[PDB]
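Peer 1: so I've got this experimental structure, pasted below with the sequence.
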Amino acid sequence: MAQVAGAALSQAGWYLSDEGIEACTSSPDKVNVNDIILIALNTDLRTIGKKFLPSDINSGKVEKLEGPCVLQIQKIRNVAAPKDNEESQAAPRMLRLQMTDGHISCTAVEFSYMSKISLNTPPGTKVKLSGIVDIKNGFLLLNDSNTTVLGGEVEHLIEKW
Amino acid sequence: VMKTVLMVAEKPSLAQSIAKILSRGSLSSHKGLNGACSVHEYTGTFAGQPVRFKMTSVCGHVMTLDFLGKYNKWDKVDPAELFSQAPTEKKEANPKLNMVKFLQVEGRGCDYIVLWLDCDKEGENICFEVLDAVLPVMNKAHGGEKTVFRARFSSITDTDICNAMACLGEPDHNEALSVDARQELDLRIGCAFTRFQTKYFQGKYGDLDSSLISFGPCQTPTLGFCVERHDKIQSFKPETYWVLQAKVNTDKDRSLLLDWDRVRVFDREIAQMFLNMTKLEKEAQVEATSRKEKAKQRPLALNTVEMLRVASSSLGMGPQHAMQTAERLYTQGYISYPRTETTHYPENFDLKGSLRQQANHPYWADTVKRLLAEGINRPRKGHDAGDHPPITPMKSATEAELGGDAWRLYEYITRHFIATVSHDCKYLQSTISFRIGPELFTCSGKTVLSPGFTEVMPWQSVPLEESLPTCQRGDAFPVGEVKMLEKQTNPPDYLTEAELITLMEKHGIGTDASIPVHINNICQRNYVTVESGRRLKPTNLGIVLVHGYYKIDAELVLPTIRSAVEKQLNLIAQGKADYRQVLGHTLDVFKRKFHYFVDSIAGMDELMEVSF
DNA sequence: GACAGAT
Ligand SMILES: [Mn+2]
């Protein structure tokens, strides 16, 4: 819905392309922003996203993120435990999330215990970065005061060992 | 005229103890025709009549299974005939001790018989062996009266022994049959597999000629443990994790090494950014302080497994050597029975008196005198398995009286005994938490307040450390330096003898007197070589055998079949399954498994060709 | 010519 829908998505923090919003929508006769959100959480961001994250974010020249934006997790690894003993409790859990808006990729690190995100969080889940998020050496620093897990159900293919 | 009753036990010490308890100190003792077995005599009442009591003891098992003659030739028969068509008789074990002749001579004229064997399955089996040896030489039954009796006891105490003599029962043929089935199964599997393997590999590889390759329900899993550890060592990929430690100057010349709360980081860029946050920070900040007063628990009563573990780890002796030394000490009368799984002292044990014997040795004279003056501590409650009491010193000894190797085992045993009765080690744990930039660090230290059992066991002592400086929250301390360290994950080392004994105890492989033999057996057949630090390194022969078994039949190495088969044999003990069917059913299962092993033996050859 | 495990 043109300007009002664009403003609603912009305020909600979902930055999607014009083609993405015109395709991911359903029932063109009647739909609502909540319906677009519900159907968007279940779609891969790589096919519907729009370019918001500044270019060369992994260079260390950007130290701040302004505004709320929603990004999609690709893979999660516990950097405080070895590859074989991924569940080892000998060290506090620290997660290195890789995050995408569809085009550019960024890396975030768990700077403080996040109970919502775990090692079993499936790829494709959506996280909203509310507030000011600080980027040190190209690494976003995540906390409980700037990350909200909005869920998401996209084709997993995570499989197992 | 007075009827004589035989009172067979299982070991001379137990026979003497029970005779002393029952005879209230009116024994008449003389040695039998073995030297290792003694006959005690006294007088008492049985079934309301005056009778004479003849206490005797066997020296363990009396019989052992063996094939008749042909199936002992190794060339006239093939191993496949050792499962169903190989009759087995029972011959005499330890022929040096004329057990059958001694029992017959002692029973030459007895009327009744009371059988004081230890209350377990092997005890019942030896009970029926003794009964089969002694019955055909007795004085027969006048009428419908009973003749064979059984006494059940849980501990060697006056009240328990008197009660056991008060209430008498009958032996358990079901447990006897269960033990017989286990013995027959072990013989028929081990012999067949060994004669196939050693006669196949001696005809193809000349390096293995005049060498015995053996298979068994216990030694094969024992070797499999070490081979699994070797495989884990081989399939190891080291990593390059980074740590971050900082030094803080608390005083003008005092420096403290802090530890990162985030213990490790496996990403170089993440470690670098964390260091970047903490480079240009020259003022630390204290946040937390802890003064918890913990304690170190005193050791439990000495177990045979723990004794073997400590002898292998600290003293530096093999399991069989330690067992032989303990047996020599026990025979000489210095330590109590060294083959028990009881870690809980009896309620009537004379701790205060056994401690008073070790009151003149200069090594620990001060500790014992202080302990008896201010009272002793009640030993920790533990597991009572119905076996003999835990290994404790029974007589004073000096390094001159004992040798250079029996003294070291004695010294550890008596220092363990005092530790179990001494107090607990109380120490003060102090931690100070620091804020260096956006990160946190901790420094921990221990201060001993009142040493306890560490005085008699110095190796289990809290290491001496400098006391942490006194401070409260808000203090600012100059920061010395912050650095990263490129550490690497260390590969695991080869399995040690102490670690292997724990593994066998968990999986039920080997009893108290069989664990030392199995470790020595696989060492004598060149399966594993004992290295520095008592590490068991598998050889090329051991690796080929275990790896070959997994390819063909996993159920011959897995440390679970031994417990699984033992559970099946307990059905005969409880009467839920007859002895004939279970033995036949299990033999056919392994006989089918034997044929697959023979037909698929070409698998092990392709691994053996590389080595030899 | 040797074997198994157990006291
Ligand atoms: Mn026993």
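Peer 2: Structure received. Numbering: from 1, shown residues only, chains lettered A, B, ... in the order given.

Peer 1: just the CA atoms of stretch B:467-487, as PDB, please.
Peer 2: C-alpha atoms of stretch B:467-487 as PDB (Å, rounded to 0.1, in the frame of the first residue of the first chain):
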ATOM      1  CA  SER B 467      48.200 -14.100  50.000                       C
ATOM      2  CA  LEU B 468      46.100 -11.900  47.800                       C
ATOM      3  CA  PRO B 469      46.300  -8.200  48.800                       C
ATOM      4  CA  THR B 470      43.500  -6.800  51.000                       C
ATOM      5  CA  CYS B 471      41.200  -4.300  49.200                       C
ATOM      6  CA  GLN B 472      37.500  -3.400  48.800                       C
ATOM      7  CA  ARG B 473      35.300  -2.400  45.900                       C
ATOM      8  CA  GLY B 474      36.300   0.900  44.200                       C
ATOM      9  CA  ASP B 475      40.100   0.700  44.600                       C
ATOM     10  CA  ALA B 476      42.200   1.700  41.500                       C
ATOM     11  CA  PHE B 477      45.300  -0.200  40.700                       C
ATOM     12  CA  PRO B 478      47.800   0.700  37.900                       C
ATOM     13  CA  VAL B 479      47.700  -1.700  35.000                       C
ATOM     14  CA  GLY B 480      51.100  -3.200  34.000                       C
ATOM     15  CA  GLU B 481      50.600  -5.000  30.700                       C
ATOM     16  CA  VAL B 482      48.000  -6.800  28.600                       C
ATOM     17  CA  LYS B 483      49.000  -9.600  26.100                       C
ATOM     18  CA  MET B 484      47.600 -12.500  24.200                       C
ATOM     19  CA  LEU B 485      49.000 -16.000  24.200                       C
ATOM     20  CA  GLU B 486      48.700 -18.400  21.100                       C
ATOM     21  CA  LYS B 487      48.000 -21.600  22.900                       C
END
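
Peer 1: now check it, is it near chain A?
Peer 2: No: contact of stretch B:467-487 with chain A (CB under 8 Å from any CB of the partner chain) is absent, the minimum separation being 11.9 Å. Placement of C-beta: from N, CA and C, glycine included.

Peer 1: got a list of contacts for that stretch?
Peer 2: With contact meaning CB atoms under 8 Å, 6 or more residues apart in numbering or on different chains, stretch B:467-487 is reached by B:240-251, B:254-256, B:264, B:271-272, B:275, B:278-279, B:281-289, B:430-432, B:434, B:436, B:443, B:445, B:447.

Peer 1: buried residues, the strand or helix carrying residue B:200. List them.
Peer 2: For residue B:200, the host element (DSSP states H and E) is helix B:173-201. Within helix B:173-201, the residues that qualify as buried are B:174-185, B:187-198, B:200-201, counting by 16 or more other CB atoms under 10 Å in any protein chain shown.

Peer 1: which strands or helices does it pack on?
Peer 2: Applying 3 or more CB pairs under 8 Å, 6 or more residues apart in numbering or on different chains; DSSP states H and E, one finds that helix B:173-201 makes contact with strand B:63-67, strand B:88-92, helix B:121-134, helix B:561-573, helix B:579-599.

Peer 1: now these as a markdown table including mean neighbour count and distance to DNA strand C?
Peer 2: As requested, the helices and strands packed on helix B:173-201 are exported to a markdown table (neighbours: other CB atoms under 10 Å in any protein chain shown; distance: least, CB to the nearest atom of the strand, whole Å):
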| stretch | mean neighbour count | distance to DNA strand C |
| --- | --- | --- |
| strand B:63-67 | 16 | 5 |
| strand B:88-92 | 14 | 9 |
| helix B:121-134 | 21 | 4 |
| helix B:561-573 | 16 | 8 |
| helix B:579-599 | 15 | 13 |
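
Peer 1: thought residue B:185 was touching residue B:565?
Peer 2: Yes: counting by CB atoms under 8 Å, residue B:185 touches residue B:565, with 7.3 Å between them.

Peer 1: can you list the domains in chain A?
Peer 2: A:2-47, A:57-151 (automatic domain parsing).

Peer 1: between those domains, which gets nearest to residue B:426?
Peer 2: domain A:57-151 (27.4 Å; CB to CB).

Peer 1: so which of the contacts of stretch B:467-487 sit within helices?
Peer 2: B:271-272, B:275 (DSSP state H).

Peer 1: among those residues, which ones are buried?
Peer 2: Buried, going by 16+ other CB under 10 Å: B:271, B:275, out of the ones in helices among the contacts of stretch B:467-487.

Peer 1: from the ones in helices among the contacts of stretch B:467-487, pick the one nearest DNA strand C.
Peer 2: Of all the ones in helices among the contacts of stretch B:467-487, residue B:271 has the smallest distance to DNA strand C: 50.9 Å, by CB to the nearest atom of the strand.

Peer 1: mind listing residues that contact the biggest strand by length in chain A?
Peer 2: The longest strand of chain A (DSSP state E) is strand A:69-78. Strand A:69-78 has contacts (CB under 8 Å, 6+ apart) with A:13-15, A:44-46, A:52-53, A:86, A:93-102, A:105-106, A:117, A:119, A:121, A:123-129, A:150, A:152.
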